[PDB]
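A.B. asks: I'd like to ask some things about the structure below.
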Amino acid sequence: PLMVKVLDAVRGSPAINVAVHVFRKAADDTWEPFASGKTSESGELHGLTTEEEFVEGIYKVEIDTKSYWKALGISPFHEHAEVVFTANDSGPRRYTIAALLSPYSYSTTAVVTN
Amino acid sequence: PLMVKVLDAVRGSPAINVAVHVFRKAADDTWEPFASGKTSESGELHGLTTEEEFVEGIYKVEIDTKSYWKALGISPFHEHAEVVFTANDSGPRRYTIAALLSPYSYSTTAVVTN
Amino acid sequence: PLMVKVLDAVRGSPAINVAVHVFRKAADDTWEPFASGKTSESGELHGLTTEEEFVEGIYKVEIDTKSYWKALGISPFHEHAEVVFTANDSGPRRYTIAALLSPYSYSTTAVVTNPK
Amino acid sequence: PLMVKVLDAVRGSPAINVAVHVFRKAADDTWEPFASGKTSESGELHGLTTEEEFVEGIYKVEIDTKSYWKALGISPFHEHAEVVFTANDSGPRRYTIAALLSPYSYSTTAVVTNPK
Ligand SMILES: Oc1c(Cl)cc(-c2cc(Cl)c(O)c(Cl)c2)cc1Cl
Ligand SMILES: Oc1c(Cl)cc(-c2cc(Cl)c(O)c(Cl)c2)cc1Cl
């Protein structure tokens, strides 16, 4: 039900080997670790969760952009890129969170489908 | 070697049934029709060309954004979105041209891979 | 030293009356309130801080996008847009944090200048 | 009535000395030169036209991104960024055309206001 895709706007490529951490907001408003991984050669991270586990709630996707740029020897602005959203059962069932990265900027969108 | 992908930033979805026209710059600097189609349910348009036909040169991808918004009953700013680039044999062989559409804005990127 | 600018990609306009909260990471690693305000009719928020107060640190600028969209009758995807960055670590700079908002997407950039 | 603003997403700065050419579609469907200039140190290009000259029509703003990147040692993807729009069809408006540039990507938006 959840896929994260990261692209590099400097090289025109997938952003490969980017660390991604997913958190779920707890009852006490803290962020509890949920799923994590590193993007593949396609810039994608699949297999984070299952339909059973991915219940309604507020989730945060944290993308380690700073390490990505530093590994390319490029000085970046942001510490990370964070995407925070509510999962809703009334909407479509599959969520792609995409991010398009530059050193001093990023774009992010959601593609939510059945 | 060429795929076009169009996304809708208002609905969080693929942009389906969007007309896309591809042109190649001729020797006299005019744009000659090359390929065209309409995006699929996934927002993608595959099958535009073949490796044999997609020689080095300057290409233009024109995305009919205005008709897309008008069909949703939404007033848009742009007449269309145009992406103009050089195909280069020294670079990677596969080109994805992606566009993320809003009524008064768009983002576009290239994902160029082997 | 710090300005925030927010634009609306649906209407082609400034995003007016957007709430913005700025935090600074404390020595104990918590986010401390630093400053807040709302965008003006130009989509800009000035006057958040001073060059004396805006010391080195890790700052978070939280833009309350959800409240903004809901008031237009759009049920948006994101809770907020957060921008996290180290500031002033090579001496004072001027920072503009800009965001371009859609219901299911946003772009953000920084314009960083050196006052001399 | 028409301002163009260009930002650099790699450096976090205005995109300075970017060439911009504006065209207007003629009655014979050709693109007629309308006005041109280069972005200033703020990344802005003012003074392209007047409210009298900027009549109804279909306009193209061509931003010469390739030349800009090449001068930074980046071989970019696009030839240029072109923005095509109908202007002033409900009376005069003020238009800001903004672009945020990366070597393989750009974003563009419009801010359209009504002077009253
Ligand atoms: O498959 C995708 C490709 Cl190729 C591109 C984008 C994508 C994502 C963002 Cl944030 C953008 O600004 C643009 Cl222009 C494309 C998204 C997906 Cl899901
Ligand atoms: O003054 C500005 C104007 Cl008009 C536009 C942007 C701006 C900001 C983002 Cl995030 C964009 O994707 C685009 Cl295309 C423009 C920024 C500033 Cl500071």
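We name chains A, B, ... following the order of the structure tokens; residues begin at 1 in each chain, and ligands are numbered from 1 as shown.
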Within 9 Å of ligand 1, counting only C-alpha atoms and all ligand atoms, which protein or nucleic acid residues do you find, written as a ChimeraX atom specification?

C.D. replies: /A:4-7,14,96-101,106-111 /B:4-7,14,96-101,106-111 /C:105-107 /D:105-107

A.B. asks: I need the chosen residues saved as a PDB file, in the first residue's frame, with C-alpha atoms.

C.D. replies:
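Ended up saving to again.pdb:
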ATOM      1  CA  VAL A   4       8.459   5.874  -1.896  1.00  0.00           C
ATOM      2  CA  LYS A   5      10.220   7.098  -5.036  1.00  0.00           C
ATOM      3  CA  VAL A   6      13.151   9.563  -5.052  1.00  0.00           C
ATOM      4  CA  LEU A   7      14.564  11.326  -8.086  1.00  0.00           C
ATOM      5  CA  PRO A  14      16.851   7.935  -9.792  1.00  0.00           C
ATOM      6  CA  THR A  96       3.189   6.579  -3.824  1.00  0.00           C
ATOM      7  CA  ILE A  97       5.144   9.356  -2.113  1.00  0.00           C
ATOM      8  CA  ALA A  98       7.533  10.858  -4.671  1.00  0.00           C
ATOM      9  CA  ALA A  99      10.274  13.427  -4.121  1.00  0.00           C
ATOM     10  CA  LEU A 100      12.357  15.247  -6.739  1.00  0.00           C
ATOM     11  CA  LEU A 101      15.577  16.511  -5.147  1.00  0.00           C
ATOM     12  CA  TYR A 106      12.719  19.702  -3.442  1.00  0.00           C
ATOM     13  CA  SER A 107       9.313  18.893  -4.884  1.00  0.00           C
ATOM     14  CA  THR A 108       7.059  16.219  -3.417  1.00  0.00           C
ATOM     15  CA  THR A 109       3.765  14.756  -4.528  1.00  0.00           C
ATOM     16  CA  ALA A 110       1.413  11.915  -3.702  1.00  0.00           C
ATOM     17  CA  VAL A 111      -0.071   9.536  -6.280  1.00  0.00           C
TER      18      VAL A 111
ATOM     19  CA  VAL B   4       6.095  10.458 -21.007  1.00  0.00           C
ATOM     20  CA  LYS B   5       4.431  10.447 -17.588  1.00  0.00           C
ATOM     21  CA  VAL B   6       1.906  13.071 -16.402  1.00  0.00           C
ATOM     22  CA  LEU B   7       0.671  13.531 -12.856  1.00  0.00           C
ATOM     23  CA  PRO B  14      -2.159  10.123 -12.714  1.00  0.00           C
ATOM     24  CA  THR B  96      11.341   9.454 -19.148  1.00  0.00           C
ATOM     25  CA  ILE B  97       9.887  12.957 -19.414  1.00  0.00           C
ATOM     26  CA  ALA B  98       7.665  13.540 -16.376  1.00  0.00           C
ATOM     27  CA  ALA B  99       5.363  16.473 -15.661  1.00  0.00           C
ATOM     28  CA  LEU B 100       3.488  17.266 -12.442  1.00  0.00           C
ATOM     29  CA  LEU B 101       0.552  19.565 -13.214  1.00  0.00           C
ATOM     30  CA  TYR B 106       3.915  22.709 -13.463  1.00  0.00           C
ATOM     31  CA  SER B 107       7.108  20.851 -12.634  1.00  0.00           C
ATOM     32  CA  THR B 108       8.984  18.774 -15.194  1.00  0.00           C
ATOM     33  CA  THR B 109      11.979  16.497 -14.943  1.00  0.00           C
ATOM     34  CA  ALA B 110      13.904  13.978 -17.002  1.00  0.00           C
ATOM     35  CA  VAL B 111      14.923  10.522 -15.766  1.00  0.00           C
TER      36      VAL B 111
ATOM     37  CA  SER C 105       2.014  18.402  -3.744  1.00  0.00           C
ATOM     38  CA  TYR C 106       4.383  21.197  -2.845  1.00  0.00           C
ATOM     39  CA  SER C 107       7.721  22.562  -3.924  1.00  0.00           C
TER      40      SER C 107
ATOM     41  CA  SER D 105      14.285  19.811 -14.126  1.00  0.00           C
ATOM     42  CA  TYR D 106      12.397  23.040 -13.639  1.00  0.00           C
ATOM     43  CA  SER D 107       9.267  24.287 -11.960  1.00  0.00           C
TER      44      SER D 107
END

A.B. asks: Within 6 Å of ligand 2, counting only C-alpha atoms and all ligand atoms, which protein or nucleic acid residues do you find, written as a ChimeraX atom specification?

C.D. replies: /C:98-100,107-109 /D:98-100,107-109

A.B. asks: Would you save the residues of that selection, restricted to C-alpha atoms, as a short mmCIF file (atom, residue, chain, number, x, y, z; two decimals), in the first residue's frame?

C.D. replies:
data_model
loop_
_atom_site.label_atom_id
_atom_site.label_comp_id
_atom_site.auth_asym_id
_atom_site.auth_seq_id
_atom_site.Cartn_x
_atom_site.Cartn_y
_atom_site.Cartn_z
CA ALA C 98 9.63 29.71 -0.35
CA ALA C 99 6.87 27.15 -0.88
CA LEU C 100 4.53 26.62 -3.86
CA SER C 107 7.72 22.56 -3.92
CA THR C 108 10.08 24.38 -1.60
CA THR C 109 13.34 26.22 -2.16
CA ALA D 98 8.58 32.48 -12.00
CA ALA D 99 10.90 29.56 -12.74
CA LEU D 100 13.03 27.44 -10.36
CA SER D 107 9.27 24.29 -11.96
CA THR D 108 7.29 27.27 -13.18
CA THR D 109 4.33 29.15 -11.76
#

A.B. asks: Check which residues of chain C sit at most 9 Å from chain D using only C-alpha atoms, and return one row each with the closest pair of atoms and their distance in Å to one decimal, ordered by chain and rising number, as a tab-separated table.

C.D. replies:
residue	atom	partner	partner_atom	distance
C:7	CA	D:111	CA	7.9
C:8	CA	D:111	CA	8.4
C:9	CA	D:109	CA	6.7
C:11	CA	D:111	CA	8.3
C:12	CA	D:111	CA	4.7
C:13	CA	D:111	CA	4.8
C:14	CA	D:111	CA	7.0
C:100	CA	D:109	CA	8.3
C:107	CA	D:107	CA	8.4
C:109	CA	D:9	CA	6.7
C:110	CA	D:12	CA	5.4
C:111	CA	D:12	CA	4.7
C:112	CA	D:12	CA	5.8
C:113	CA	D:13	CA	7.1

A.B. asks: Just N, CA and C atoms for this one: save the residues we selected as a PDB file, in the first residue's frame.

C.D. replies:
ATOM      1  N   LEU C   7       3.114  30.572  -2.050  1.00  0.00           N
ATOM      2  CA  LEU C   7       2.328  30.769  -3.264  1.00  0.00           C
ATOM      3  C   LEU C   7       1.353  29.625  -3.425  1.00  0.00           C
ATOM      4  N   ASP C   8       0.236  29.912  -4.111  1.00  0.00           N
ATOM      5  CA  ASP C   8      -0.840  28.979  -4.383  1.00  0.00           C
ATOM      6  C   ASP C   8      -0.840  28.631  -5.887  1.00  0.00           C
ATOM      7  N   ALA C   9      -0.542  27.380  -6.205  1.00  0.00           N
ATOM      8  CA  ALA C   9      -0.448  26.888  -7.575  1.00  0.00           C
ATOM      9  C   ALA C   9      -1.791  26.590  -8.230  1.00  0.00           C
ATOM     10  N   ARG C  11      -4.644  28.734  -7.746  1.00  0.00           N
ATOM     11  CA  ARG C  11      -5.199  30.020  -8.050  1.00  0.00           C
ATOM     12  C   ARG C  11      -4.229  30.971  -8.737  1.00  0.00           C
ATOM     13  N   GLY C  12      -2.956  30.685  -8.696  1.00  0.00           N
ATOM     14  CA  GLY C  12      -1.984  31.590  -9.262  1.00  0.00           C
ATOM     15  C   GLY C  12      -1.868  32.885  -8.494  1.00  0.00           C
ATOM     16  N   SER C  13      -1.697  32.760  -7.184  1.00  0.00           N
ATOM     17  CA  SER C  13      -1.800  33.906  -6.294  1.00  0.00           C
ATOM     18  C   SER C  13      -0.877  33.692  -5.114  1.00  0.00           C
ATOM     19  N   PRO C  14      -0.592  34.731  -4.351  1.00  0.00           N
ATOM     20  CA  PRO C  14      -0.027  34.493  -3.031  1.00  0.00           C
ATOM     21  C   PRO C  14      -0.966  33.630  -2.203  1.00  0.00           C
ATOM     22  N   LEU C 100       5.571  26.560  -2.818  1.00  0.00           N
ATOM     23  CA  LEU C 100       4.535  26.621  -3.861  1.00  0.00           C
ATOM     24  C   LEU C 100       3.592  25.460  -3.648  1.00  0.00           C
ATOM     25  N   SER C 107       6.322  22.320  -3.702  1.00  0.00           N
ATOM     26  CA  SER C 107       7.721  22.562  -3.924  1.00  0.00           C
ATOM     27  C   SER C 107       8.212  23.556  -2.893  1.00  0.00           C
ATOM     28  N   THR C 109      11.979  25.856  -1.862  1.00  0.00           N
ATOM     29  CA  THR C 109      13.339  26.223  -2.160  1.00  0.00           C
ATOM     30  C   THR C 109      13.815  27.230  -1.131  1.00  0.00           C
ATOM     31  N   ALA C 110      15.095  27.466  -1.138  1.00  0.00           N
ATOM     32  CA  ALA C 110      15.713  28.462  -0.294  1.00  0.00           C
ATOM     33  C   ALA C 110      16.532  29.402  -1.158  1.00  0.00           C
ATOM     34  N   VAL C 111      16.474  30.669  -0.823  1.00  0.00           N
ATOM     35  CA  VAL C 111      17.343  31.699  -1.398  1.00  0.00           C
ATOM     36  C   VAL C 111      18.185  32.232  -0.248  1.00  0.00           C
ATOM     37  N   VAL C 112      19.488  32.009  -0.310  1.00  0.00           N
ATOM     38  CA  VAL C 112      20.400  32.355   0.791  1.00  0.00           C
ATOM     39  C   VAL C 112      21.382  33.375   0.252  1.00  0.00           C
ATOM     40  N   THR C 113      21.444  34.543   0.905  1.00  0.00           N
ATOM     41  CA  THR C 113      22.327  35.609   0.508  1.00  0.00           C
ATOM     42  C   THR C 113      23.202  36.027   1.677  1.00  0.00           C
TER      43      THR C 113
END

A.B. asks: For a quick check of understanding, using only C-alpha atoms, which of C:55, C:74, C:97, C:87 has the smallest distance to chain B?

C.D. replies: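 For chain B, the nearest of the candidates is C:74.
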
A.B. asks: Assign secondary structure with DSSP using the backbone only, and return the residues of chain D in strand (DSSP E or B) as JSON, numbers by chain.

C.D. replies: {"D": [2, 3, 4, 5, 6, 7, 8, 13, 14, 19, 20, 21, 22, 23, 24, 25, 31, 32, 33, 34, 35, 36, 37, 38, 44, 45, 57, 58, 59, 60, 61, 62, 63, 78, 79, 80, 81, 82, 83, 84, 85, 86, 87, 89, 91, 94, 95, 96, 97, 98, 99, 100, 101, 102, 105, 106, 107, 108, 109, 110, 111, 112, 113]}

A.B. asks: Could those residues be written to a file, using C-alpha atoms, as an mmCIF file, in the first residue's frame?

C.D. replies:
data_model
loop_
_atom_site.group_PDB
_atom_site.id
_atom_site.type_symbol
_atom_site.label_atom_id
_atom_site.label_comp_id
_atom_site.auth_asym_id
_atom_site.auth_seq_id
_atom_site.Cartn_x
_atom_site.Cartn_y
_atom_site.Cartn_z
ATOM 1 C CA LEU D 2 4.911 41.522 -16.757
ATOM 2 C CA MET D 3 7.800 40.435 -14.553
ATOM 3 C CA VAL D 4 9.932 37.312 -14.860
ATOM 4 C CA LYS D 5 11.790 35.834 -11.845
ATOM 5 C CA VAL D 6 14.302 32.991 -12.090
ATOM 6 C CA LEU D 7 15.854 31.051 -9.177
ATOM 7 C CA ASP D 8 18.675 28.498 -9.056
ATOM 8 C CA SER D 13 20.300 31.899 -5.230
ATOM 9 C CA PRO D 14 18.750 34.104 -7.850
ATOM 10 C CA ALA D 19 18.280 35.773 -21.134
ATOM 11 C CA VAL D 20 14.517 35.946 -21.568
ATOM 12 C CA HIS D 21 12.610 36.413 -24.852
ATOM 13 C CA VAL D 22 8.907 37.152 -25.018
ATOM 14 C CA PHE D 23 6.780 36.534 -28.104
ATOM 15 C CA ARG D 24 3.141 37.225 -28.989
ATOM 16 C CA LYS D 25 1.083 35.164 -31.358
ATOM 17 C CA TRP D 31 5.295 34.079 -32.964
ATOM 18 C CA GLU D 32 6.211 37.738 -33.170
ATOM 19 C CA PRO D 33 9.024 39.173 -31.030
ATOM 20 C CA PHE D 34 7.466 41.181 -28.234
ATOM 21 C CA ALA D 35 10.199 41.981 -25.781
ATOM 22 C CA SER D 36 13.462 40.635 -24.257
ATOM 23 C CA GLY D 37 15.935 41.237 -21.469
ATOM 24 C CA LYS D 38 18.161 39.602 -18.864
ATOM 25 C CA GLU D 44 14.182 39.522 -11.728
ATOM 26 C CA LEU D 45 13.458 41.057 -15.074
ATOM 27 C CA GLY D 57 -3.068 37.811 -26.726
ATOM 28 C CA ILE D 58 -1.236 34.525 -26.434
ATOM 29 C CA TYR D 59 2.258 35.115 -25.123
ATOM 30 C CA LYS D 60 5.359 32.891 -24.911
ATOM 31 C CA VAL D 61 8.093 33.569 -22.376
ATOM 32 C CA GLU D 62 11.267 31.719 -23.343
ATOM 33 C CA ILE D 63 13.880 31.436 -20.590
ATOM 34 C CA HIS D 78 16.603 21.244 -21.591
ATOM 35 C CA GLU D 79 17.186 23.710 -24.440
ATOM 36 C CA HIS D 80 15.105 26.370 -22.677
ATOM 37 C CA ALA D 81 12.029 26.665 -20.517
ATOM 38 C CA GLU D 82 8.986 28.084 -22.360
ATOM 39 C CA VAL D 83 5.842 29.354 -20.683
ATOM 40 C CA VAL D 84 2.788 29.901 -22.987
ATOM 41 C CA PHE D 85 -0.356 31.623 -21.770
ATOM 42 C CA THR D 86 -3.277 33.841 -22.714
ATOM 43 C CA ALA D 87 -2.968 37.285 -21.075
ATOM 44 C CA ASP D 89 -8.400 38.501 -21.914
ATOM 45 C CA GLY D 91 -8.894 43.143 -18.941
ATOM 46 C CA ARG D 94 -0.243 41.943 -13.669
ATOM 47 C CA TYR D 95 1.725 38.758 -14.303
ATOM 48 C CA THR D 96 4.755 37.332 -12.586
ATOM 49 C CA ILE D 97 6.221 34.307 -14.361
ATOM 50 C CA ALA D 98 8.581 32.477 -12.001
ATOM 51 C CA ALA D 99 10.902 29.556 -12.737
ATOM 52 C CA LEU D 100 13.029 27.439 -10.364
ATOM 53 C CA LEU D 101 15.841 25.773 -12.260
ATOM 54 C CA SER D 102 17.828 22.572 -11.884
ATOM 55 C CA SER D 105 14.285 19.811 -14.126
ATOM 56 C CA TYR D 106 12.397 23.040 -13.639
ATOM 57 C CA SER D 107 9.267 24.287 -11.960
ATOM 58 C CA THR D 108 7.293 27.267 -13.182
ATOM 59 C CA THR D 109 4.330 29.151 -11.762
ATOM 60 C CA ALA D 110 2.385 32.306 -12.388
ATOM 61 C CA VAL D 111 1.224 34.947 -9.932
ATOM 62 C CA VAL D 112 -1.622 36.941 -11.511
ATOM 63 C CA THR D 113 -3.046 39.998 -9.777
#

A.B. asks: Please provide chain C as a CSV table (one decimal) with C-alpha atoms, in the first residue's frame, once it has been superposed on chain D by least squares across all sequentially paired Cα atoms.

C.D. replies:
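Writing done, so here's out04.csv:
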chain,number,residue,atom,x,y,z
C,1,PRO,CA,2.4,44.4,-16.1
C,2,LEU,CA,4.9,41.5,-16.8
C,3,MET,CA,7.8,40.4,-14.6
C,4,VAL,CA,9.9,37.3,-14.9
C,5,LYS,CA,11.8,35.8,-11.8
C,6,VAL,CA,14.3,33.0,-12.1
C,7,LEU,CA,15.9,31.1,-9.2
C,8,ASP,CA,18.7,28.5,-9.1
C,9,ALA,CA,17.9,25.3,-7.1
C,10,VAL,CA,21.5,24.1,-7.1
C,11,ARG,CA,23.0,27.2,-5.5
C,12,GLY,CA,20.0,28.5,-3.6
C,13,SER,CA,20.3,31.9,-5.2
C,14,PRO,CA,18.7,34.1,-7.9
C,15,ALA,CA,19.6,33.0,-11.4
C,16,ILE,CA,21.4,36.1,-12.6
C,17,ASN,CA,22.0,37.2,-16.2
C,18,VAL,CA,19.5,34.7,-17.7
C,19,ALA,CA,18.3,35.8,-21.1
C,20,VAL,CA,14.5,35.9,-21.6
C,21,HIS,CA,12.6,36.4,-24.9
C,22,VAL,CA,8.9,37.2,-25.0
C,23,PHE,CA,6.8,36.5,-28.1
C,24,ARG,CA,3.1,37.2,-29.0
C,25,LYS,CA,1.1,35.2,-31.4
C,26,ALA,CA,0.1,37.2,-34.5
C,27,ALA,CA,-3.0,37.0,-36.5
C,28,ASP,CA,-1.2,34.7,-39.0
C,29,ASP,CA,-0.4,32.3,-36.1
C,30,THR,CA,3.4,33.1,-36.1
C,31,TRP,CA,5.3,34.1,-33.0
C,32,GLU,CA,6.2,37.7,-33.2
C,33,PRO,CA,9.0,39.2,-31.0
C,34,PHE,CA,7.5,41.2,-28.2
C,35,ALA,CA,10.2,42.0,-25.8
C,36,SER,CA,13.5,40.6,-24.3
C,37,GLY,CA,15.9,41.2,-21.5
C,38,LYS,CA,18.2,39.6,-18.9
C,39,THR,CA,17.6,38.9,-15.2
C,40,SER,CA,19.2,41.2,-12.7
C,41,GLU,CA,21.2,40.3,-9.6
C,42,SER,CA,17.9,39.6,-7.8
C,43,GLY,CA,16.9,37.1,-10.5
C,44,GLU,CA,14.2,39.5,-11.7
C,45,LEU,CA,13.5,41.1,-15.1
C,46,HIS,CA,11.4,44.2,-15.0
C,47,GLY,CA,10.6,46.7,-17.7
C,48,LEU,CA,9.6,44.3,-20.5
C,49,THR,CA,6.4,46.1,-21.4
C,50,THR,CA,3.8,48.7,-20.6
C,51,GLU,CA,0.1,48.3,-19.8
C,52,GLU,CA,-0.7,50.0,-23.2
C,53,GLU,CA,1.5,47.7,-25.2
C,54,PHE,CA,0.6,44.5,-23.3
C,55,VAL,CA,-2.7,43.9,-25.0
C,56,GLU,CA,-4.8,40.7,-25.1
C,57,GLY,CA,-3.1,37.8,-26.7
C,58,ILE,CA,-1.2,34.5,-26.4
C,59,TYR,CA,2.3,35.1,-25.1
C,60,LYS,CA,5.4,32.9,-24.9
C,61,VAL,CA,8.1,33.6,-22.4
C,62,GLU,CA,11.3,31.7,-23.3
C,63,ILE,CA,13.9,31.4,-20.6
C,64,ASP,CA,17.3,30.5,-21.9
C,65,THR,CA,18.2,27.9,-19.2
C,66,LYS,CA,20.8,26.0,-21.3
C,67,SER,CA,23.1,29.0,-21.6
C,68,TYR,CA,22.8,29.7,-17.9
C,69,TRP,CA,23.9,26.1,-16.8
C,70,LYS,CA,26.6,25.7,-19.3
C,71,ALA,CA,28.3,28.8,-17.8
C,72,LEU,CA,28.3,27.0,-14.4
C,73,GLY,CA,30.0,23.9,-16.0
C,74,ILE,CA,26.7,21.9,-16.1
C,75,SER,CA,25.6,20.3,-19.2
C,76,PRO,CA,21.8,20.6,-18.7
C,77,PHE,CA,18.9,18.6,-20.2
C,78,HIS,CA,16.6,21.2,-21.6
C,79,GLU,CA,17.2,23.7,-24.4
C,80,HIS,CA,15.1,26.4,-22.7
C,81,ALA,CA,12.0,26.7,-20.5
C,82,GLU,CA,9.0,28.1,-22.4
C,83,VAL,CA,5.8,29.4,-20.7
C,84,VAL,CA,2.8,29.9,-23.0
C,85,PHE,CA,-0.4,31.6,-21.8
C,86,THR,CA,-3.3,33.8,-22.7
C,87,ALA,CA,-3.0,37.3,-21.1
C,88,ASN,CA,-5.4,40.2,-20.5
C,89,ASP,CA,-8.4,38.5,-21.9
C,90,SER,CA,-10.6,39.8,-19.0
C,91,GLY,CA,-8.9,43.1,-18.9
C,92,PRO,CA,-5.5,44.1,-17.8
C,93,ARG,CA,-3.7,42.0,-15.2
C,94,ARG,CA,-0.2,41.9,-13.7
C,95,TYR,CA,1.7,38.8,-14.3
C,96,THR,CA,4.8,37.3,-12.6
C,97,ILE,CA,6.2,34.3,-14.4
C,98,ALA,CA,8.6,32.5,-12.0
C,99,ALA,CA,10.9,29.6,-12.7
C,100,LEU,CA,13.0,27.4,-10.4
C,101,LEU,CA,15.8,25.8,-12.3
C,102,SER,CA,17.8,22.6,-11.9
C,103,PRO,CA,20.0,20.9,-14.5
C,104,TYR,CA,17.5,18.2,-15.4
C,105,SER,CA,14.3,19.8,-14.1
C,106,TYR,CA,12.4,23.0,-13.6
C,107,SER,CA,9.3,24.3,-12.0
C,108,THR,CA,7.3,27.3,-13.2
C,109,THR,CA,4.3,29.2,-11.8
C,110,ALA,CA,2.4,32.3,-12.4
C,111,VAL,CA,1.2,34.9,-9.9
C,112,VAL,CA,-1.6,36.9,-11.5
C,113,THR,CA,-3.0,40.0,-9.8
C,114,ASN,CA,-5.7,42.5,-10.7
C,115,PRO,CA,-4.6,46.2,-10.3
C,116,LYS,CA,-8.2,47.2,-9.5

A.B. asks: May I ask for the distance between CA of residue 22 (chain A) and CA of residue 102 (chain A), given in Å to one decimal place?

C.D. replies: 21.4 Å

A.B. asks: Need the shell around residue 21 (chain A): protein/DNA/RNA residues with any atom at most 8 Å away, counting only C-alpha atoms. Skip same-chain ones fewer than 6 positions apart. Format as an MDAnalysis selection string?

C.D. replies: chainID A and resid 33:37 61:63

A.B. asks: Kindly save the residues from that selection, with N, CA and C atoms included, as a short mmCIF file (atom, residue, chain, number, x, y, z; two decimals), in the first residue's frame.

C.D. replies:
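The resulting selection-v5.cif:
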data_model
loop_
_atom_site.label_atom_id
_atom_site.label_comp_id
_atom_site.auth_asym_id
_atom_site.auth_seq_id
_atom_site.Cartn_x
_atom_site.Cartn_y
_atom_site.Cartn_z
N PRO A 33 8.80 4.64 15.18
CA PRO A 33 9.30 3.97 13.99
C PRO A 33 8.31 2.95 13.44
N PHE A 34 8.16 2.93 12.12
CA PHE A 34 7.18 2.11 11.43
C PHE A 34 7.83 1.17 10.39
N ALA A 35 8.67 1.73 9.53
CA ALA A 35 9.34 1.03 8.35
C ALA A 35 10.49 1.84 7.91
N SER A 36 11.49 1.21 7.32
CA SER A 36 12.57 1.93 6.71
C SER A 36 13.28 1.10 5.66
N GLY A 37 14.12 1.74 4.88
CA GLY A 37 14.91 1.04 3.86
C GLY A 37 15.74 2.05 3.09
N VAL A 61 7.19 10.38 6.40
CA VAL A 61 8.23 9.80 5.59
C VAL A 61 9.39 10.78 5.63
N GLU A 62 10.52 10.34 6.17
CA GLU A 62 11.73 11.13 6.26
C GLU A 62 12.75 10.58 5.26
N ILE A 63 13.24 11.44 4.37
CA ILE A 63 14.16 11.08 3.32
C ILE A 63 15.50 11.74 3.65
#

A.B. asks: Just list as an NGL selection string whatever in chain D DSSP marks as helix (DSSP H, G or I).

C.D. replies: :D and (65-70)

A.B. asks: Give the residues of chain A that lie within 8 Å of chain C; count only C-alpha atoms, and format the answer as number ranges by chain.

C.D. replies: A: 77-86, 104-110

A.B. asks: Can you write just those residues out, N, CA, C and O atoms, as a compact mmCIF listing (two decimals), in the first residue's frame?

C.D. replies:
# COMPACT_ATOMS: atom_id res chain seq x y z
N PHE A 77 21.20 22.18 1.29
CA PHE A 77 20.58 23.11 2.22
C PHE A 77 19.88 22.39 3.36
O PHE A 77 20.00 22.76 4.54
N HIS A 78 19.07 21.40 3.05
CA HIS A 78 18.17 20.80 4.03
C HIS A 78 18.85 19.71 4.83
O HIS A 78 19.72 19.01 4.36
N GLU A 79 18.41 19.52 6.06
CA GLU A 79 18.82 18.35 6.88
C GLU A 79 18.26 17.07 6.36
O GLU A 79 18.91 16.01 6.47
N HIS A 80 17.04 17.11 5.88
CA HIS A 80 16.27 15.98 5.34
C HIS A 80 15.04 16.56 4.70
O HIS A 80 14.81 17.77 4.78
N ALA A 81 14.29 15.72 3.99
CA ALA A 81 12.97 16.08 3.49
C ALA A 81 11.95 15.23 4.23
O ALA A 81 12.10 14.03 4.27
N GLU A 82 10.95 15.82 4.80
CA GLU A 82 9.91 15.12 5.56
C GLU A 82 8.56 15.34 4.89
O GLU A 82 8.24 16.45 4.49
N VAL A 83 7.80 14.30 4.76
CA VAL A 83 6.47 14.33 4.19
C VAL A 83 5.52 13.75 5.23
O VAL A 83 5.68 12.61 5.62
N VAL A 84 4.53 14.53 5.66
CA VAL A 84 3.61 14.14 6.72
C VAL A 84 2.18 14.17 6.18
O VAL A 84 1.76 15.19 5.61
N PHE A 85 1.45 13.08 6.34
CA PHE A 85 0.13 12.93 5.74
C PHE A 85 -0.73 12.00 6.54
O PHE A 85 -0.24 11.21 7.33
N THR A 86 -2.02 12.06 6.30
CA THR A 86 -2.98 11.10 6.88
C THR A 86 -3.33 10.02 5.85
O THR A 86 -3.67 10.34 4.70
N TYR A 104 19.26 22.70 -3.04
CA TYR A 104 18.59 23.75 -2.27
C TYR A 104 17.06 23.75 -2.38
O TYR A 104 16.41 24.70 -1.96
N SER A 105 16.49 22.69 -2.95
CA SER A 105 15.06 22.61 -3.14
C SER A 105 14.60 21.18 -3.27
O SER A 105 15.39 20.31 -3.61
N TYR A 106 13.32 20.97 -3.04
CA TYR A 106 12.72 19.70 -3.44
C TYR A 106 11.25 19.91 -3.74
O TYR A 106 10.61 20.85 -3.25
N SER A 107 10.72 19.01 -4.57
CA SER A 107 9.31 18.89 -4.88
C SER A 107 8.83 17.55 -4.33
O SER A 107 9.58 16.57 -4.40
N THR A 108 7.63 17.49 -3.81
CA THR A 108 7.06 16.22 -3.42
C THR A 108 5.60 16.16 -3.80
O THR A 108 4.90 17.16 -3.76
N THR A 109 5.16 14.96 -4.18
CA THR A 109 3.77 14.76 -4.53
C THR A 109 3.31 13.39 -4.02
O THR A 109 4.14 12.55 -3.63
N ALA A 110 2.01 13.19 -4.04
CA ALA A 110 1.41 11.92 -3.70
C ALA A 110 0.59 11.46 -4.92
O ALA A 110 -0.11 12.24 -5.56

A.B. asks: Using Å and a single decimal, report how far CA of residue 54 (chain B) sits from CA of residue 10 (chain A).

C.D. replies: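 Pair CA of residue 10 (chain A) / CA of residue 54 (chain B) returns 23.9 Å.
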